[PDB]
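Taking the form deposited in one PDB entry, here's one chain by itself in structure tokens.
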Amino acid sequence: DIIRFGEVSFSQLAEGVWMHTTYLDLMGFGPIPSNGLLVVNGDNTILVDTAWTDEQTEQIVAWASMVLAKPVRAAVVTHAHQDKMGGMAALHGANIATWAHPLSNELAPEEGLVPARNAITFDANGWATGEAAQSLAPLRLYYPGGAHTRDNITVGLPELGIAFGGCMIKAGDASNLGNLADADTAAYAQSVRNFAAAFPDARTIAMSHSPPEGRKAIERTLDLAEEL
């Protein structure tokens, strides 16, 4: 079931938790879907990942404030690629506090992308702490290590049993890990393992480029990551 608003497709994964999907024909080979989340916190929403473009990101922001009546107050992006950070400028124009891994902010300019305004502090165990943890709660943010990119992070909602693997996690029937141009192939398997252990009980596994699934998406991804 899907609500289509402008260029955006919204699906409810759980109460207060929506998925947004937008498309871009990145390389002329056909439109590519990209998935993020909208997480309701009281009278507002947390945005996980932008759409591909400013204009698509603006449509997400308007949907949250005008249809959900839960305007976006903070956003976190899962690494410095265009499907996850392409609309950063629209967020900053709306004066929305934005958050990323410190390495995503270093890498974004060379990628043609705008850095977030805040660095997430991750503790020595890979969990967010400090201002990021407090402001983005109930979301739990976890850095699993290098995989799809060196800066990729993951976000979880343990109470609801939902964990979002970003672009690191691929579908349970994947034949490949998608775009490895900036991947960390040596660490990929272990970082999948860390993520699986960071959210050991979540049964709903969401990811950037295919719809939500069960934990087999982790199993297939690790299998693929192990034969790199």
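Take the two forms, superpose them, and find the largest set of C-alpha atoms that agree within 1.5 Å; that set is the rigid core. Numbering starts at 1 and follows the sequence shown.
Unshown form deposited in another entry; subsequent notes refer to it.
Measuring CA movement between the shown form and the other one with the rigid core aligned, the set 171, 37, 198, 202 has one residue at 2 Å or more: 171. Residue 82 shows a C-alpha shift of 2 Å or greater between the shown form and the other one [criterion: core-superposed Cα displacement of 2 Å]. Relative to the superposed core, residue 145 shifts its CA atom by less than 2 Å between the shown form and the other one.
Once both forms are fitted on their rigid core, the CA atom of residue 160 lies less than 2 Å apart between the shown form and the other one. Note on residue 181 and residue 193: their C-alpha atoms are nearer in the other entry, a change of at least 3 Å from this conformation. In the other entry, the CA atoms of residue 17 and residue 169 sit farther apart than in the displayed form, by at least 3 angstroms.
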